[PDB]
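Colleague: Structural data only, the sequence is not supplied:
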Ligand SMILES: Cc1cc2nc3c(=O)[nH]c(=O)nc-3n(C[C@H](O)[C@H](O)[C@H](O)COP(=O)(O)OP(=O)(O)OC[C@H]3O[C@@H](n4cnc5c(N)ncnc54)[C@H](O)[C@@H]3O)c2cc1C
């Protein structure tokens, strides 16, 4: 799936090797966007980029710019490709060109770039690292097009879908999917070092295994002590370990299925939403004194690849005098507030209401129309109760 699979002007990279994206490809410049379909930032920025690549279809014109081709790597899947470039936070912009004497790459200082600045840059870079021909100029715009029109194929109906209704009940298969997705993808991208990260990871997984029994955390824990000097962490080995933990999610590893987190469209909600559910389920089901909020924050520190989001989250100040449950509830609501009016990159049919709504439970509100925390803390401990 990923973000650009409905857009022809952008080539989706499954691999680093450019010969196999086209014959001519290794001889042409590429502006590559690395992103994560779960990230607020990446979500929003994909607009711009699609728009930018949209301008790269011009047939016979003498713009140095028009010899470049736009491409995108999604780091929620293509973890291997991304690790190769030490990509961690996103989105991220790379200029690739042929090495004249596989490709040489150039890391963009600033990857958040307006459509023109993007153009102004790509242009500048092509001129700098290329010898700008006609023989070359037409050459690229050629394959550049065979890819465009060809990907246009891939994109009753091959479109027509239906009417959408948000599912508001909570289903384990969503919480589990979140856990699977986290271990399988997010842990994989970043690895187990340094030590502080491994620590974070162990503490989190252990806390999951204890709070949410038979979510298949046990299997994952085992995998986590398997790493040693002699058996160091590897994406291949690890992802294998996780699929065989028997985490009870729904769908295929490659494609997880959400229910409560299901959006009006595939590129909305999903993982980030499930991740929240899991975090709340943690606060409710924790054995006493594992710290939860302490642990959780520290997992988000080393495992959450959305940098805008991870940043102010690790700054929340959680005193463990009081109910983890309430506090995280507070925290998650503060976020909804922020994201409330934000139109860019959001699901049109699933708003950001302060949770729970009034229908959700009347018991939580009062005469005035504001929250009675004691009741809310009760409601959450029900809604998120984990029964196997
Ligand atoms: C820790 C964290 C920090 C994030 N920070 C940002 C950010 O800064 N910017 C950004 O764009 N995205 C951020 N995200 C992603 C974002 O929070 C949303 O999850 C996603 O962008 C859209 O969520 P949604 O509309 O599908 O429902 P979300 O609210 O995210 O999904 C949560 C689900 O859990 C329940 N829920 C909602 N609110 C509460 C609450 N108050 N208490 C208990 N349960 C609740 C509901 O069932 C809801 O459907 C963050 C995600 C996480 C996990």
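Modeller: Nice, thanks for sending it over. Numbering: from 1, shown residues only.

Colleague: Work out for me the element the residue lying closest to residue 28 once chain neighbours are set aside sits within.
Modeller: Computed as Cβ to Cβ, 6 or more residues apart in numbering, the closest residue to residue 28 that is not its neighbour in sequence is residue 140, at 4.4 Å. The way it works is simple: take the backbone N, C-alpha and C, and place the C-beta from them, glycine included. Residue 140 is part of helix 135-154, with elements assigned from DSSP states H and E.

Colleague: Equivalent analysis for residue 239, please.
Modeller: The secondary structure element spanning residue 239 is helix 235-243 (assigned by DSSP H and E).

Colleague: Would you mark the buried spots in that helix?
Modeller: 238, 239, 241, 242 (16 or more other Cβ atoms under 10 Å).

Colleague: so where does residue 122 fall, helix or strand?
Modeller: Element membership for residue 122, per DSSP H and E: helix 115-129.

Colleague: packing partners for that helix?
Modeller: helix 40-54, strand 92-97, strand 104-107 (3 or more Cβ pairs under 8 Å, 6 or more residues apart in numbering; DSSP states H and E).

Colleague: quick one: the second one to chain centroid distance?
Modeller: Relative to the mean C-alpha coordinate of its chain, strand 92-97 is positioned 20 Å out (Cα atoms, centre = their mean, to the nearest Å).

Colleague: Which residues outside it are in contact with it?
Modeller: With contact meaning Cβ atoms under 8 Å, 6 or more residues apart in numbering, strand 92-97 is reached by 18, 29-35, 85, 103-108, 111, 113, 122, 125-126, 129-130.

Colleague: Then the shortest one?
Modeller: Outside of strand 104-107, the residues within contact range by Cβ under 8 Å, 6+ apart are 85, 92, 94, 95, 96, 97, 98, 125, 129.

Colleague: make it 6 Å
Modeller: Strand 104-107 is contacted from outside by 94, 95, 96, 97, using Cβ atoms under 6 Å, 6 or more residues apart in numbering.

Colleague: repeat for the first one
Modeller: When contacts are taken as Cβ under 6 Å, 6+ apart, the neighbours of helix 40-54 outside the stretch itself are 3, 7, 9-10, 33, 35-36, 70, 90-91, 115, 118, 308-309, 344-345.

Colleague: ok so, going back, list the buried residues in the helix holding residue 140.
Modeller: Using 16+ other Cβ under 10 Å as the test for burial, helix 135-154 gives 136, 137, 140, 141, 143, 144, 147, 148, 151.

Colleague: For it, name the packing helices and strands.
Modeller: Under the contact definition 3 or more Cβ pairs under 6 Å, 6 or more residues apart in numbering; DSSP states H and E, helix 135-154 sits against no other helix or strand.

Colleague: now the residue most central in space within the chain, what's its secondary structure?
Modeller: The chain has residue 38 as the residue nearest its centroid, 2.5 Å off, counting by Cα atoms, centre = their mean. Of the three states, residue 38 takes coil under DSSP: H, G, I helix; E, B strand; the rest coil.

Colleague: which ones are touching it?
Modeller: Shown in contact with residue 38 (Cβ under 6 Å, 6+ apart): 76, 271, 272.

Colleague: Please name the nearest non-neighbouring residue to the second one.
Modeller: In other words, residue 271. residue 38 (4.7 Å).

Colleague: and the gap between that neighbour and residue 189?
Modeller: 11 Å (Cβ to Cβ, to the nearest Å).

Colleague: ok, so what distance separates residue 248 from residue 181?
Modeller: Note on residue 248: its distance to residue 181, by Cβ to Cβ, is 13 Å.

Colleague: Touching the helix or strand where residue 224 lies from outside, list them.
Modeller: For residue 224, the element it lies in under DSSP H and E is helix 217-226. Helix 217-226 is contacted by residues 183, 202, 205, 208, 209, 241, 245, 246 when judged by Cβ under 6 Å, 6+ apart.

Colleague: for stretch 195-209, same thing?
Modeller: With Cβ under 6 Å, 6+ apart, stretch 195-209 has contacts from 192, 217, 218, 220, 221, 224, 290, 295, 298, 299, 302.

Colleague: Among those residues, name the buried ones.
Modeller: Counted by 16+ other Cβ under 10 Å, these give 192, 217, 220, 221, 224, 290, 295, 298, 299, 302 as buried.

Colleague: among the residues you listed, which are within reach of the ligand?
Modeller: Applying Cβ under 6 Å from any ligand atom, the subset of the buried ones among the contacts of stretch 195-209 adjacent to the ligand is empty.

Colleague: and which of those residues is nearest the ligand?
Modeller: Checking the buried ones among the contacts of stretch 195-209 against the ligand with Cβ to the nearest ligand atom, the nearest one is residue 299 at 9.9 Å.

Colleague: Roughly how far does that closest one sit from residue 293?
Modeller: In terms of Cβ to Cβ, residue 299 sits 11 Å off from residue 293.

Colleague: hang on, the earlier thing: from the buried residues of helix 135-154, which single one is nearest the ligand?
Modeller: Among those, and counting by Cβ to the nearest ligand atom, the member closest to the ligand is residue 151, at 28.0 Å.
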